[PDB]
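In: Experimental structure and its sequence below.
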Amino acid sequence: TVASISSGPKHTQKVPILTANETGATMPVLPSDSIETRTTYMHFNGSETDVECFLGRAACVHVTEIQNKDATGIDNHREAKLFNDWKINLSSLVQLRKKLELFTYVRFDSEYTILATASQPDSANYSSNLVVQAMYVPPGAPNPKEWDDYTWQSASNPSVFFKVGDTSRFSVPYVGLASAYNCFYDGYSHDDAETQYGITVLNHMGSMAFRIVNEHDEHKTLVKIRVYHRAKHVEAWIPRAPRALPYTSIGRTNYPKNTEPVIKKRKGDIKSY
Amino acid sequence: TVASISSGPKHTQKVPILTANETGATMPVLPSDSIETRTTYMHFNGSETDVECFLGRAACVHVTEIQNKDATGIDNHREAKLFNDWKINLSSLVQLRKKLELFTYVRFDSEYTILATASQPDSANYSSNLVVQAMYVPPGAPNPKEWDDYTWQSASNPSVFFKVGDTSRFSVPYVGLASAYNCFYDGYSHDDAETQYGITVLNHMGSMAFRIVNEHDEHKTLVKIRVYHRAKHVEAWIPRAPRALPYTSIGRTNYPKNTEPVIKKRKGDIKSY
Amino acid sequence: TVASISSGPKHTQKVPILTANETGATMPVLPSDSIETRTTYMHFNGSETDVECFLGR
Amino acid sequence: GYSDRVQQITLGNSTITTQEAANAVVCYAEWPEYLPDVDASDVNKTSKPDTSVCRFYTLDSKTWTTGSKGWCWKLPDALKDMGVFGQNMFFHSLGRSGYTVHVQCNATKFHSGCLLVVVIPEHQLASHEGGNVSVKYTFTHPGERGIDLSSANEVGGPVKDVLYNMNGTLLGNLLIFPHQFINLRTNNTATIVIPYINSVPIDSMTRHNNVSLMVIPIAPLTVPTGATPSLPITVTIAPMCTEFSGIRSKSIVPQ
Amino acid sequence: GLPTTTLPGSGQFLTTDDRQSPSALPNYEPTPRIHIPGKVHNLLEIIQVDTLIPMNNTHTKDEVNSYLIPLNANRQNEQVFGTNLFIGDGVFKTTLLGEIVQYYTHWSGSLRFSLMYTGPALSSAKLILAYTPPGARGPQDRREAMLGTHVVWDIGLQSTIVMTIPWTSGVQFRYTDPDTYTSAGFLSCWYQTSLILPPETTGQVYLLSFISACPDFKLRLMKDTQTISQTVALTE
Amino acid sequence: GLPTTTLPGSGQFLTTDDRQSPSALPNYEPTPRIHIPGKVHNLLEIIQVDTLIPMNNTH
Amino acid sequence: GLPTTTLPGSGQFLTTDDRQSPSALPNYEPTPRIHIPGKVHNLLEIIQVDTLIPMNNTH
Amino acid sequence: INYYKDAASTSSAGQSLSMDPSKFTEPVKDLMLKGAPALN
Amino acid sequence: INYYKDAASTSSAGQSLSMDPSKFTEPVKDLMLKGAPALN
Amino acid sequence: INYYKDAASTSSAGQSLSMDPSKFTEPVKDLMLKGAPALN
Ligand SMILES: Cc1cc(CCCOc2c(C)cc(-c3noc(C(F)(F)F)n3)cc2C)on1
Ligand SMILES: Cc1cc(CCCOc2c(C)cc(-c3noc(C(F)(F)F)n3)cc2C)on1
């Protein structure tokens, strides 16, 4: 594959470098169209910039917390973090979000990796070997209310049991209801004057609940859970303007008020180098 | 393959042992050219002295430290070692450096092995199971400022998560901008009267940040991180004089002042055995 | 596998939507039996509802 | 003597001519088409009114002044009240359509100004309030009037900073979307053919706007000495390959 | 039992590894694909589309005006604009090219820089765009700029001039992150003759500048960008 | 010894995974199958049978 | 699940072992090779070049 | 590839791919044709 | 070799190797030849 | 057998088995034959 062909002097009626950008087209002008060039080869395929590679690596998409402690007298297990849940979404942590939002529609399979790390902030005689249970609770499935509900039986919901300090790994097929996931959605759930706007109404993927299976020890253990997402078998459509301003909320395109200029201001002239 | 051929008496006009080293050549004179020899075989290929083998084993290239402790009130996480980073280079530890510097240009793939070991210098009721995160921060990527920045999301930067006491392993393709890495560079970044001299301006490979994912425990844990490098698929060019004097800095060929003689001095005559 | 066949207007003596449930049978009436339909495909096998899968976790 | 500048577009009983065009853009190089069986899900036979809805409808003219920020229309919203197309929109549960957008603006060889005409699929607007505030239905359904980017914020409405495309992205990058410029010195019209773009075969035409059309002044308007400091901008849109499905009662929408 | 020996790295989680993993939803049948226009396969595809450069940084805040390059009537020899060519910073940092380029550490290839005139039809002008390859300073006058790669642009019927910035370098790749040894040079524009306005016409005409990559373009070593961040996880 | 590298997820128990496992009752011979009417293969089979709708909730 | 038995030495890091390992930079395309004179393949190649001996240590 | 001697130790069977609702939907003695009067 | 029954569990797809920027760079109705006047 | 997609992840190359010291030992313009006077 040639990068540049050999091209010499020129004196024509054919002017490749004069165009009309109001047509909306970006004419494929090459260096050999405006200067004398020599032959060079690409020695390059562009593998690393393939959308499969671009979205094909794990990125942290959520961090949450649960803890192992005596549940005696706790009236709201959920609030006490005896167990916690995550309303599944990929737009909470901004790094992966900006990448995905480089496109309008996106379709792919997902590979999840869940890392659980223990912590004992105050006096403990040892570190306990806790087992985490991550259960997927799809829309319509009964949500856990107590860390040891009948819901954790998980007869139909899928769930993994892994050691804290260890990692959990599994993949999920493309689960969108449509032919592709929407990164943006200029619409509502119905024609209502007050209903929510944006993908907020589209990305209703249920949530996944986490808990520590072990009963409590004398001391209290804080387990932090990090979920990583890697896309595979990727397809992307309709490229768009990259995000410029900071995000403020999951799902909305909203940006903060009194935000700072994102375009750098010259320390001098428009003639400055 | 013969090591020596059979060679008998000699009385010629052909004098193989008389040469002129000012030509700059080292004539391939053999024992059979100056003495009577018998036939012997090599029974040797020279596998172990192949550059692929010479640079093909792991060598420690860096040792650093991070620690798990309460970050509350710490104004500079980096300084407190809540996380630390390594400005990637292979000339900090001298053993591998001298080997690589046996050549001028060198090209190869790299296999890294990262070993993390824990230590609890003062009172601790147990040893915690910490998980280390090593993230590669290429030039231009945002550097972590706090041990739990958004930067550790590592959406595009590659990173590994492994247990302390365990080891991390992965390989990296030849990432030089040129066709080979320079072990030496008699130049600057630009024609400037004060700019730096040497490979210091060439080997700008970014750095890799290390941190402990776990929140703090009651006691403090000191984690020492050792990075090992093994070259594979090696190519080397322009052999040079081995280093004689001790090194003083990363990248420069500088040697200390008032250094000791490196050539041994005879305990006697030039006639001494 | 077609999900729905193309079906147009209708004016027959053949009334597929009139049955007698006291027989105990559930006649396989389709949308194309009561409305005008277009052709669509299943693109679906029903793997996940196989008893092997249902009790298989 | 055929030129990129002279064109005629005939849809239904409506025809458009322009003697100062700059070619025409066909979004992602795809001409609109009807929904093929292989992609269909909804089993209902669809209705294709053809020429009674696939024709040019001219919106109310806007006035480009030295201080204009820009305008934003949404489809199919902007045509929600246009003849039979509009009626079908509310009488059916589902619908799908493509369009030919034709923006007009003439001046003289003494004027100067440059409008960016761009089509943005799934243009999800942002709330000027930031945080997690939503943008109420009415404010993204301005209809034929469209949204005036120089108008003041209003409770429940979207942010209208031209610089940030009403969505947190920079104006300069709007060119990644199918667009065209109306550079008075060259142009006087912009034409963009839009194929149906969505993650579903067919969809509700009232609760979802597939794309929004934006006419944004980049190089400000300049009129010759002592001339009227304004120019009109006219938008004409024609639906094409329009399909409606699931006919019934007729929606009653917010406000 | 097959005898095995586990190697260093066992149990590690390399975010960049590409392995197989069990499916949590066995026998699930995903939704059929339907045709959707505008499919993107490679980022190198979209960086070939040019976007506007906010060449006129000079303002106190982000404005439509930062994209307008002012041109002044009856000025001779003078400079219209200038900029270094660190495509991963400065004026380029927010463009689609600069934005995508920042997702990678290395870049190589030729850049496509365009200028579209928006002044009145009855006006005229001849400008000169110049690219100064690394090794010397940014040109300080037309004569100096003219000695390097350049294009004399005659404003007219065809509104846009496309000047290529041919890959001129020794090392075959450069860092997207501004690095001196790896500098790309300078870009400048000057009046070849001058801008002439017609009667009854007054003020300023502007130039719109665009940037995009040539099929020449190469990008490698993926990394996180400095163009986005957060202090706390976002919530609904 | 075959060199190996264990991957993330090792040791996990995914209730949804479908692997092989040793039999706790080797050589056990299960009872012969006999014909039994009414075999069900897919739930999509039985939902095609209609049942009564308690349309008159009101009580 | 393939039944296996881990052998002594598992988990060890022998600096001298030569195994495969996952690449941290998938799809990265390294810079083309260009011709560079003076390539060295074996150290036995260069020791055949003679250098000066500091025979007169005495200083 | 199966690693164990007993059948019970193998993994899941894979889709029956039979599917005949009629034994539940149309368990009638006299065949009833769609369109023909249910009770003649 | 694939160890799992479902497609979703396989590893990455491998380079699309299609690459056609024209649907974004030249989405014009009338073909424009490089060198020929953009506006004739 | 290689388990990974990238070349960088494979193990060591194996002996070059080229070995030509002459480019360092005899980089002279005019060939010098062993036995013939070095300076004729
Ligand atoms: C955009 C976009 C795309 C997606 C896909 C979300 C996938 O949702 C899941 C997740 C996150 C996990 C599981 C899952 N299956 O088993 C487990 C367990 F191990 F966590 F229990 N988790 C299943 C689905 C459908 O979400 N937002
Ligand atoms: C001379 C010379 C040659 C080199 C090569 C340095 C390679 O730089 C790296 C390193 C050290 C690690 C990674 C890396 N990728 O993933 C990880 C993680 F696991 F550490 F995160 N580290 C990537 C590159 C390009 O540096 N100096």
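Out: Arrived safely. Numbering: from 1, shown residues only, chains lettered A, B, ... in the order given. Ligands and ions are numbered 1, 2, ... in the order given.

In: which strand residues sit across from whichever residue of the stretch 51-200 of chain A sits closest to chain F in the sheet?
Out: When distances are taken as CB to the nearest CB, the stretch 51-200 of chain A reaches nearest to chain F at residue A:169, 2.8 Å away. In this view, the C-beta of every residue, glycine as well, is placed from N, C-alpha and C. Assessed by DSSP bridges, residue A:169 has beta-bridge partners residue A:113.

In: Who are the contact partners of it?
Out: By CB atoms under 8 Å, 6 or more residues apart in numbering or on different chains, the residues touching residue A:169 are A:111-114, E:21, F:7-9, F:12.

In: quick one: it from chain G, how far?
Out: Residue A:169 sits 14 Å away from chain G, going by CB to the nearest CB, to the nearest Å.

In: cool, residue D:193 as well?
Out: For residue D:193 relative to chain G (CB to the nearest CB), the value is 36 Å.

In: Show the backbone phi and psi for that residue.
Out: phi -100, psi 120 (degrees, to the nearest 10).

In: Count the residues that sit near it.
Out: If you count neighbours by other CB atoms under 10 Å in any protein chain shown, residue D:193 ends up with 23.

In: Quick check, it in contact with residue D:23.
Out: No: shown here, residue D:193 and residue D:23 do not form a contact pair, counting by CB atoms under 8 Å, at 11.4 Å.

In: Just the C-alpha atoms of stretch E:88-95, please, in CSV.
Out: Output in CSV follows, covering the C-alpha atoms of stretch E:88-95 (Å, rounded to 0.1, in the frame of the first residue of the first chain):
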residue,chain,number,x,y,z
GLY,E,88,-2.9,17.6,20.1
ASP,E,89,-3.0,21.1,21.7
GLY,E,90,-3.6,24.8,20.9
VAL,E,91,-6.2,25.6,18.3
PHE,E,92,-6.5,22.0,17.3
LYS,E,93,-7.2,20.5,20.7
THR,E,94,-11.0,20.8,20.4
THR,E,95,-11.4,19.9,16.7
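
In: Quick check: residues of chain A near chain B?
Out: A:57-60, A:93-96, A:99, A:115, A:117-127, A:164-165, A:167, A:222, A:224, A:226 (CB under 8 Å from any CB of the partner chain).

In: what residues are up against the residue of the stretch 101-250 of chain D found nearest chain G?
Out: Nearest residue of the stretch 101-250 of chain D to chain G: residue D:176, at 23.7 Å (CB to the nearest CB). Going by CB under 8 Å, 6+ apart, residue D:176 touches A:239-241, E:46, E:49, E:51, E:96, I:24.

In: Just grab the bridge partners of residue A:103 for me.
Out: Beta-bridge partners of residue A:103, as defined by DSSP bridges: residue A:239.

In: residues from the stretch 51-200 of chain A in reach of chain D?
Out: Near chain D, when you scan the stretch 51-200 of chain A using CB under 8 Å from any CB, you find A:104-105, A:176, A:178-200.

In: Using the three-state scheme, assign residue 28.
Out: You didn't pick a chain, so chain A it is. coil (DSSP: H, G, I helix; E, B strand; the rest coil).

In: could you do chain H instead?
Out: coil.

In: Overlap of the contact sets of residue D:193 and residue D:23?
Out: residue I:29.

In: picking that back up, ChimeraX command to pick out the buried ones of the residues of chain A next to chain B?
Out: Restricted to buried positions by 16 or more other CB atoms under 10 Å in any protein chain shown, the ChimeraX selection for the residues of chain A next to chain B reads:
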select /A:57,58,59,60,93,94,95,96,99,115,117,118,119,120,124,127,164,165,167,222,224,226
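
In: Distance from stretch D:225-243 to the middle of the chain?
Out: Stretch D:225-243 sits 11 Å away from the centroid of its parent chain (CA atoms, centre = their mean, to the nearest Å).

In: So that stretch, near chain A or not?
Out: No: using CB under 8 Å from any CB, stretch D:225-243 stays clear of chain A, with a minimum separation of 15.2 Å.

In: Is that stretch positioned near chain E?
Out: Yes: applying CB under 8 Å from any CB, one finds stretch D:225-243 in contact with chain E at D:225-226.

In: In chain A, what residue comes closest to chain H?
Out: Closest point on chain A to chain H, by CB to the nearest CB, is residue A:158, at 14.5 Å.

In: Helix or strand: which one has the residue nearest the centre of chain D?
Out: Nearest to the geometric centre of chain D sits residue D:213, at 3.3 Å (CA atoms, centre = their mean). Assigned by DSSP states H and E, residue D:213 falls within strand D:211-222.

In: cool, residue H:24 as well?
Out: Going by DSSP H and E, residue H:24 is in helix H:22-25.

In: Just give the nearest non-adjacent residue to residue E:229, would you?
Out: What sits nearest to residue E:229 in space, not counting adjacent residues and going by CB to CB, 6 or more residues apart in numbering or on different chains, is residue B:150, at 5.2 Å.

In: Wait, the one you found touches residue A:94, no?
Out: Yes: the pair residue B:150 / residue A:94 is scored as a contact, 6.5 Å apart, by CB under 8 Å.

In: which residues are common contacts for those two?
Out: By CB under 8 Å, 6+ apart, the residues touching both residue B:150 and residue A:94 are E:229-230.

In: if we can go back for a sec, compare the contacts of residue D:176 and tell me which has the most neighbours.
Out: Going by other CB under 10 Å, residue E:96 tops the contacts of residue D:176 with 30 neighbours.

In: Looks like it contacts residue A:240 (just checking).
Out: No: Residue E:96 lies out of contact with residue A:240 (CB under 8 Å); the separation is 9.5 Å.

In: Can you list phi and psi of the residue nearest to residue E:229 for me?
Out: Torsion angles, degrees, to the nearest 10, at residue B:150: phi -80, psi -20.

In: what sits against it?
Out: A:93-95, E:229-231.

In: Residue 234: how many residues sit nearby?
Out: Since you didn't name a chain, this refers to chain A. Residue A:234, neighbours per other CB under 10 Å, totals 22.

In: could you do chain E instead?
Out: 19.

In: need the residues of chain H near chain G, please.
Out: residue H:3.

In: Quick check: the residue of chain H nearest chain G.
Out: Closest point on chain H to chain G, by CB to the nearest CB, is residue H:3, at 5.9 Å.

In: and the stretch 51-200 of chain A, which of its residues are near chain F?
Out: Going by CB under 8 Å from any CB, the residues of the stretch 51-200 of chain A near chain F are A:113, A:154, A:158-163, A:166-170.
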